[PDB]
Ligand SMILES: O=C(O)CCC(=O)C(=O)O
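Here we start with a single chain on its own, the form solved without ligand AKG, put down as structure tokens.
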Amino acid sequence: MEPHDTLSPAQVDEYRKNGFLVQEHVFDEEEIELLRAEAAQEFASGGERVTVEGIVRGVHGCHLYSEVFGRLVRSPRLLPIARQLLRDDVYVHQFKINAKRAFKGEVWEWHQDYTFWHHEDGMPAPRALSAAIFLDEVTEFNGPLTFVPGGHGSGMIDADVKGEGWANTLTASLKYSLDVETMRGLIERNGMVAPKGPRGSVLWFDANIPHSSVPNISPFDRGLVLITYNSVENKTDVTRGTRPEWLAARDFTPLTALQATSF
């Protein structure tokens, strides 16, 4: 293992100011292909953990079931940056894989992840973030995650609620959405940015940053592996929890990094 990676002070400042940051080329092509193959296995075998638009859209919880993905979350490319940004030991709250195949895709309601994790899972504060690993180059045209830079600084934003239980936390129509109303001011104030990057990049983003994405009109897929790390001190209150382990983790053991072994 290479000496644990960390973000420069400029990178940190950029992440805190904007609410997101791209590191290019974290993983190589061969690494990405391993992850892609495992994702395909999880989409085939994940059963109730899968979501379909038909056509698989998402699979959840894979680090609990896949040895590859259980290792990935402890990678020296990821874990030390999460600990650096959250200023704590960390654990995985949620793991999901979101594909947008060429010429497919949904419009995804503008939203803040933390609203779901607070209300559905009992997350007490937004001291969490996600790492989105680019299984394919992310361009203007294959439905990139789209943010309001600085939009997290509001904290959590009162939001239109739709549905019962949690079924529609993972779908087209999201349970907690930001209406056109609130969005206009956000965007007049702050603008919109769809970070781009090559295959193998990682996109870090704040649990409270507003985000959205459109359809992929490209002939190329947009597969993302999203790992949500949470602060151990910020562990969710499992007595207010309403979802299964494969959406909202309950094992709060602090993660340690993978070490090099001969196998």
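Residue numbers run from 1 along the displayed sequence.
Below: the form solved in complex with ligand AKG, not depicted.
S.K.: Counting non-hydrogen atoms within 4.5 angstroms of ligand AKG in the bound PDB entry, say which of 99, 159, 92, 138 makes the cut.
M.R.: Checked against the cut-off, the match is 99.
S.K.: Report the residue, out of 200, 223, 61, 195, that has at least one non-hydrogen atom within 4.5 angstroms of ligand AKG in the bound PDB entry.
M.R.: Checking each option against ligand AKG in the bound PDB entry, the one that comes within 4.5 Å is 223.
S.K.: Establish, in the bound PDB entry, whether 36, 40 and 43 all lie within 4.5 Å of ligand AKG, using non-hydrogen atoms for the distance.
M.R.: Checking in the bound PDB entry: 36, 40 and 43 are all within 4.5 Å of ligand AKG.
S.K.: Counting only heavy atoms and a 4.5 Å cutoff, which of 79-87, 128-136, 185-193, 149-157 contacts ligand AKG in the bound PDB entry?
M.R.: Of the stretches listed, the one contacting the partner is 128-136.
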